[PDB]
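Source file: upload.pdb (PDB, C-alpha atoms (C1' of nucleotides))
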ATOM      1  CA  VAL A   2     -19.859  -4.698  -1.040  1.00  0.00           C
ATOM      2  CA  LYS A   3     -17.565  -6.878  -3.116  1.00  0.00           C
ATOM      3  CA  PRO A   4     -14.521  -8.639  -1.646  1.00  0.00           C
ATOM      4  CA  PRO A   5     -11.037  -7.122  -1.368  1.00  0.00           C
ATOM      5  CA  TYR A   6      -8.385  -7.374  -4.056  1.00  0.00           C
ATOM      6  CA  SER A   7      -4.630  -7.172  -4.496  1.00  0.00           C
ATOM      7  CA  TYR A   8      -3.608  -3.528  -4.442  1.00  0.00           C
ATOM      8  CA  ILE A   9      -0.030  -4.281  -5.420  1.00  0.00           C
ATOM      9  CA  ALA A  10      -1.401  -5.377  -8.773  1.00  0.00           C
ATOM     10  CA  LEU A  11      -3.309  -2.153  -9.310  1.00  0.00           C
ATOM     11  CA  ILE A  12      -0.179  -0.385  -8.127  1.00  0.00           C
ATOM     12  CA  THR A  13       2.212  -2.147 -10.473  1.00  0.00           C
ATOM     13  CA  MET A  14      -0.182  -1.149 -13.229  1.00  0.00           C
ATOM     14  CA  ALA A  15      -0.504   2.371 -11.877  1.00  0.00           C
ATOM     15  CA  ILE A  16       3.256   2.698 -12.140  1.00  0.00           C
ATOM     16  CA  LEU A  17       3.581   0.743 -15.365  1.00  0.00           C
ATOM     17  CA  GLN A  18       0.725   2.691 -16.907  1.00  0.00           C
ATOM     18  CA  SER A  19       3.092   5.607 -16.432  1.00  0.00           C
ATOM     19  CA  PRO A  20       6.180   4.726 -18.481  1.00  0.00           C
ATOM     20  CA  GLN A  21       7.021   8.413 -18.321  1.00  0.00           C
ATOM     21  CA  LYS A  22       9.029   7.475 -15.252  1.00  0.00           C
ATOM     22  CA  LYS A  23       6.957   9.303 -12.664  1.00  0.00           C
ATOM     23  CA  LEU A  24       3.999   8.842 -10.349  1.00  0.00           C
ATOM     24  CA  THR A  25       2.098  10.559  -7.562  1.00  0.00           C
ATOM     25  CA  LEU A  26       0.617   8.922  -4.488  1.00  0.00           C
ATOM     26  CA  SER A  27      -2.302  11.316  -4.757  1.00  0.00           C
ATOM     27  CA  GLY A  28      -2.535  10.801  -8.500  1.00  0.00           C
ATOM     28  CA  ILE A  29      -2.741   7.070  -7.897  1.00  0.00           C
ATOM     29  CA  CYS A  30      -5.441   7.523  -5.283  1.00  0.00           C
ATOM     30  CA  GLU A  31      -7.304   9.361  -8.017  1.00  0.00           C
ATOM     31  CA  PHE A  32      -6.457   6.861 -10.730  1.00  0.00           C
ATOM     32  CA  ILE A  33      -7.838   4.158  -8.469  1.00  0.00           C
ATOM     33  CA  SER A  34     -10.908   5.970  -7.195  1.00  0.00           C
ATOM     34  CA  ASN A  35     -11.528   6.936 -10.802  1.00  0.00           C
ATOM     35  CA  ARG A  36     -11.283   3.290 -11.785  1.00  0.00           C
ATOM     36  CA  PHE A  37     -13.157   1.833  -8.837  1.00  0.00           C
ATOM     37  CA  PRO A  38     -16.059   3.794  -7.337  1.00  0.00           C
ATOM     38  CA  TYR A  39     -16.742   1.360  -4.519  1.00  0.00           C
ATOM     39  CA  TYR A  40     -13.156   1.873  -3.423  1.00  0.00           C
ATOM     40  CA  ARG A  41     -13.652   5.624  -3.334  1.00  0.00           C
ATOM     41  CA  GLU A  42     -16.910   5.058  -1.491  1.00  0.00           C
ATOM     42  CA  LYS A  43     -15.651   3.000   1.426  1.00  0.00           C
ATOM     43  CA  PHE A  44     -12.066   4.204   1.278  1.00  0.00           C
ATOM     44  CA  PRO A  45     -11.290   2.568   4.631  1.00  0.00           C
ATOM     45  CA  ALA A  46      -7.942   4.332   4.551  1.00  0.00           C
ATOM     46  CA  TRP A  47      -6.658   3.814   1.028  1.00  0.00           C
ATOM     47  CA  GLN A  48      -3.907   6.215   2.024  1.00  0.00           C
ATOM     48  CA  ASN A  49      -1.719   3.776   3.919  1.00  0.00           C
ATOM     49  CA  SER A  50      -3.271   0.855   2.078  1.00  0.00           C
ATOM     50  CA  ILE A  51      -2.314   2.192  -1.332  1.00  0.00           C
ATOM     51  CA  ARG A  52       0.912   3.822  -0.208  1.00  0.00           C
ATOM     52  CA  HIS A  53       1.647   0.499   1.450  1.00  0.00           C
ATOM     53  CA  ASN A  54       1.006  -1.647  -1.602  1.00  0.00           C
ATOM     54  CA  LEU A  55       2.602   1.202  -3.514  1.00  0.00           C
ATOM     55  CA  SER A  56       5.883   1.404  -1.638  1.00  0.00           C
ATOM     56  CA  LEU A  57       5.803  -2.057  -0.109  1.00  0.00           C
ATOM     57  CA  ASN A  58       6.547  -3.818  -3.376  1.00  0.00           C
ATOM     58  CA  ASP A  59       8.153  -1.498  -5.899  1.00  0.00           C
ATOM     59  CA  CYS A  60      10.583  -0.162  -3.323  1.00  0.00           C
ATOM     60  CA  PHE A  61      11.126   3.251  -4.867  1.00  0.00           C
ATOM     61  CA  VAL A  62      11.712   6.799  -3.685  1.00  0.00           C
ATOM     62  CA  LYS A  63       8.994   9.302  -2.863  1.00  0.00           C
ATOM     63  CA  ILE A  64       8.905  12.979  -1.972  1.00  0.00           C
ATOM     64  CA  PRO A  65       7.385  14.115   1.333  1.00  0.00           C
ATOM     65  CA  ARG A  66       5.678  17.417   2.044  1.00  0.00           C
ATOM     66  CA  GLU A  67       7.436  19.538  -0.552  1.00  0.00           C
ATOM     67  CA  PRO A  68       7.146  23.222  -1.484  1.00  0.00           C
ATOM     68  CA  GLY A  69       4.467  22.374  -4.021  1.00  0.00           C
ATOM     69  CA  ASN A  70       1.839  20.156  -2.440  1.00  0.00           C
ATOM     70  CA  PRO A  71      -1.172  22.420  -1.873  1.00  0.00           C
ATOM     71  CA  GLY A  72      -3.530  19.712  -0.677  1.00  0.00           C
ATOM     72  CA  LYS A  73      -2.583  16.613  -2.633  1.00  0.00           C
ATOM     73  CA  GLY A  74       0.289  17.718  -4.837  1.00  0.00           C
ATOM     74  CA  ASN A  75       3.124  15.304  -4.160  1.00  0.00           C
ATOM     75  CA  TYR A  76       5.548  13.366  -6.327  1.00  0.00           C
ATOM     76  CA  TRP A  77       6.617   9.737  -6.418  1.00  0.00           C
ATOM     77  CA  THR A  78       9.633   8.488  -8.334  1.00  0.00           C
ATOM     78  CA  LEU A  79      10.336   4.845  -9.084  1.00  0.00           C
ATOM     79  CA  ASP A  80      13.532   3.321 -10.422  1.00  0.00           C
ATOM     80  CA  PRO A  81      13.892   0.762 -13.221  1.00  0.00           C
ATOM     81  CA  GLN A  82      13.285  -2.150 -10.881  1.00  0.00           C
ATOM     82  CA  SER A  83       9.533  -2.573 -10.620  1.00  0.00           C
ATOM     83  CA  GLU A  84       9.192  -3.202 -14.336  1.00  0.00           C
ATOM     84  CA  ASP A  85      12.193  -5.469 -13.906  1.00  0.00           C
ATOM     85  CA  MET A  86      10.732  -7.666 -11.193  1.00  0.00           C
ATOM     86  CA  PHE A  87       7.566  -7.712 -13.268  1.00  0.00           C
ATOM     87  CA  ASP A  88       8.916  -8.415 -16.732  1.00  0.00           C
ATOM     88  CA  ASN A  89      10.763 -11.344 -15.203  1.00  0.00           C
ATOM     89  CA  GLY A  90       7.506 -12.869 -14.021  1.00  0.00           C
ATOM     90  CA  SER A  91       4.291 -13.066 -16.008  1.00  0.00           C
ATOM     91  CA  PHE A  92       1.789 -11.000 -14.058  1.00  0.00           C
ATOM     92  CA  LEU A  93       1.627 -13.341 -11.089  1.00  0.00           C
ATOM     93  CA  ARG A  94      -0.917 -12.029  -8.613  1.00  0.00           C
ATOM     94  CA  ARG A  95      -0.156 -14.428  -5.787  1.00  0.00           C
ATOM     95  CA  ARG A  96       3.037 -16.371  -6.380  1.00  0.00           C
ATOM     96  CA  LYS A  97       2.059 -19.429  -4.377  1.00  0.00           C
ATOM     97  CA  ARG A  98       1.200 -17.282  -1.382  1.00  0.00           C
TER
ATOM     98  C1'  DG B   1      -7.872 -30.017   8.805  1.00  0.00           C
ATOM     99  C1'  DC B   2      -3.966 -26.785  10.063  1.00  0.00           C
ATOM    100  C1'  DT B   3      -0.234 -23.848   9.004  1.00  0.00           C
ATOM    101  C1'  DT B   4       2.269 -20.631   6.574  1.00  0.00           C
ATOM    102  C1'  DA B   5       2.901 -16.655   3.719  1.00  0.00           C
ATOM    103  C1'  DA B   6       1.646 -12.724   1.368  1.00  0.00           C
ATOM    104  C1'  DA B   7      -1.710  -9.107   0.785  1.00  0.00           C
ATOM    105  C1'  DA B   8      -4.468  -5.768   2.738  1.00  0.00           C
ATOM    106  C1'  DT B   9      -5.402  -2.613   6.487  1.00  0.00           C
ATOM    107  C1'  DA B  10      -4.620   0.470  10.036  1.00  0.00           C
ATOM    108  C1'  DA B  11      -2.238   3.538  12.972  1.00  0.00           C
ATOM    109  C1'  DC B  12       1.391   6.571  13.902  1.00  0.00           C
ATOM    110  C1'  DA B  13       5.328   9.294  13.226  1.00  0.00           C
ATOM    111  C1'  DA B  14       8.364  12.440  11.087  1.00  0.00           C
ATOM    112  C1'  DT B  15       9.225  16.354   8.334  1.00  0.00           C
ATOM    113  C1'  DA B  16       8.230  20.338   5.892  1.00  0.00           C
ATOM    114  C1'  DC B  17       5.911  24.377   5.070  1.00  0.00           C
TER
ATOM    115  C1'  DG C   1       0.587  25.283  14.236  1.00  0.00           C
ATOM    116  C1'  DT C   2      -0.994  22.663  10.474  1.00  0.00           C
ATOM    117  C1'  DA C   3      -0.783  19.665   6.577  1.00  0.00           C
ATOM    118  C1'  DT C   4       0.947  16.148   3.617  1.00  0.00           C
ATOM    119  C1'  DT C   5       3.538  12.080   3.210  1.00  0.00           C
ATOM    120  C1'  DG C   6       6.225   8.374   4.648  1.00  0.00           C
ATOM    121  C1'  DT C   7       7.266   4.440   7.359  1.00  0.00           C
ATOM    122  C1'  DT C   8       6.384   0.712  10.156  1.00  0.00           C
ATOM    123  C1'  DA C   9       3.878  -2.769  12.334  1.00  0.00           C
ATOM    124  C1'  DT C  10      -0.208  -5.493  12.690  1.00  0.00           C
ATOM    125  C1'  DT C  11      -4.009  -7.633  10.919  1.00  0.00           C
ATOM    126  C1'  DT C  12      -6.795 -10.492   8.081  1.00  0.00           C
ATOM    127  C1'  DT C  13      -7.597 -13.245   4.273  1.00  0.00           C
ATOM    128  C1'  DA C  14      -6.767 -16.885   1.153  1.00  0.00           C
ATOM    129  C1'  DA C  15      -4.115 -20.529  -0.660  1.00  0.00           C
ATOM    130  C1'  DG C  16      -0.674 -24.278   0.057  1.00  0.00           C
ATOM    131  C1'  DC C  17       0.549 -28.834   2.442  1.00  0.00           C
TER
END
Please express the file's structure as structure tokens.
Amino acid sequence: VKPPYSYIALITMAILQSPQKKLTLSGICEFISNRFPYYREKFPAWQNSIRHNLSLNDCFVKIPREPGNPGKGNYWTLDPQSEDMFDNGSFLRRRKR
DNA sequence: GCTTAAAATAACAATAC
DNA sequence: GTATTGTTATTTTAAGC
């Protein structure tokens, strides 16, 4: 059902798409599932997968189980670094792996 | 044809409520 | 006690030499 793809890319865009300086792991899961149905169909653990490609890359700060996460109500905050490491490049989705 | 790197995936673990 | 997130580590895939 279609091959896999770079999540970091979708992530970088998920964060970039939000220049408001804010993001939510859950929100992303929705933004992705909303974008890709197949992904929301199989969802072979897009939790760690996303969160992985989400954190493992940008290297930002997130908020764990807070007093305002009834189900999937969390908050993720990223510093002005992701857009920095990106702007520098030119949307390289590999970088001579 | 082989190895190396990075990307992608999965499982657990820790905190918080 | 339960629920949500976070962190780590392992795996797999694909491209680099």
- Evaluate the PyMOL selection byres ((chain A) within 12 of (chain C)) and record the selected residues as a PyMOL selection string, following the chain and residue labels used in the document. chain A and resi 4-7+25-27+48-49+52-53+55-57+61-77+95-98
Determine, for each residue of chain B having at least one atom at most 9 Å from an atom of chain A, the closest pair of atoms and their separation in Å to one decimal, counting only C-alpha atoms (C1' of nucleotides); order by chain and ascending number, as a Markdown table.
| residue | atom | partner | partner_atom | distance |
| --- | --- | --- | --- | --- |
| B:4 | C1' | A:98 | CA | 8.7 |
| B:5 | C1' | A:98 | CA | 5.4 |
| B:6 | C1' | A:98 | CA | 5.3 |
| B:7 | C1' | A:7 | CA | 6.3 |
| B:8 | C1' | A:50 | CA | 6.8 |
| B:9 | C1' | A:50 | CA | 6.0 |
| B:10 | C1' | A:46 | CA | 7.5 |
| B:15 | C1' | A:66 | CA | 7.3 |
| B:16 | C1' | A:66 | CA | 5.5 |
| B:17 | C1' | A:68 | CA | 6.8 |
- Item | Distance of CA of residue 78 in chain A from CA of residue 24 in chain A, expressed in Å to one decimal place | 6.0 Å
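The gap separating CA of residue 30 in chain A from CA of residue 84 in chain A is 20.3 Å, in Å to one decimal.
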- Using CA of residue 23 in chain A and CA of residue 88 in chain A as the two end points, give the distance in Å to one decimal. 18.3 Å
Target residues per the PyMOL selection byres ((chain A and resi 82) around 12), formatted as an mmCIF file with C-alpha atoms, keeping the file's coordinate frame:
data_model
loop_
_atom_site.group_PDB
_atom_site.id
_atom_site.type_symbol
_atom_site.label_atom_id
_atom_site.label_comp_id
_atom_site.auth_asym_id
_atom_site.auth_seq_id
_atom_site.Cartn_x
_atom_site.Cartn_y
_atom_site.Cartn_z
ATOM 1 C CA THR A 13 2.212 -2.147 -10.473
ATOM 2 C CA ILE A 16 3.256 2.698 -12.140
ATOM 3 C CA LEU A 17 3.581 0.743 -15.365
ATOM 4 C CA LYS A 22 9.029 7.475 -15.252
ATOM 5 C CA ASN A 58 6.547 -3.818 -3.376
ATOM 6 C CA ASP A 59 8.153 -1.498 -5.899
ATOM 7 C CA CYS A 60 10.583 -0.162 -3.323
ATOM 8 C CA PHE A 61 11.126 3.251 -4.867
ATOM 9 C CA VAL A 62 11.712 6.799 -3.685
ATOM 10 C CA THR A 78 9.633 8.488 -8.334
ATOM 11 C CA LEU A 79 10.336 4.845 -9.084
ATOM 12 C CA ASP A 80 13.532 3.321 -10.422
ATOM 13 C CA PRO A 81 13.892 0.762 -13.221
ATOM 14 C CA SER A 83 9.533 -2.573 -10.620
ATOM 15 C CA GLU A 84 9.192 -3.202 -14.336
ATOM 16 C CA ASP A 85 12.193 -5.469 -13.906
ATOM 17 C CA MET A 86 10.732 -7.666 -11.193
ATOM 18 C CA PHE A 87 7.566 -7.712 -13.268
ATOM 19 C CA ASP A 88 8.916 -8.415 -16.732
ATOM 20 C CA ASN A 89 10.763 -11.344 -15.203
#
Give the padded box for range 1-16 of chain C as AutoDock Vina command-line options: axis-aligned, covering all atoms listed in the file, 3 Å on each side, centre and edge lengths in Å to one decimal.
--center_x -0.2 --center_y 0.5 --center_z 6.8 --size_x 20.9 --size_y 55.6 --size_z 20.9
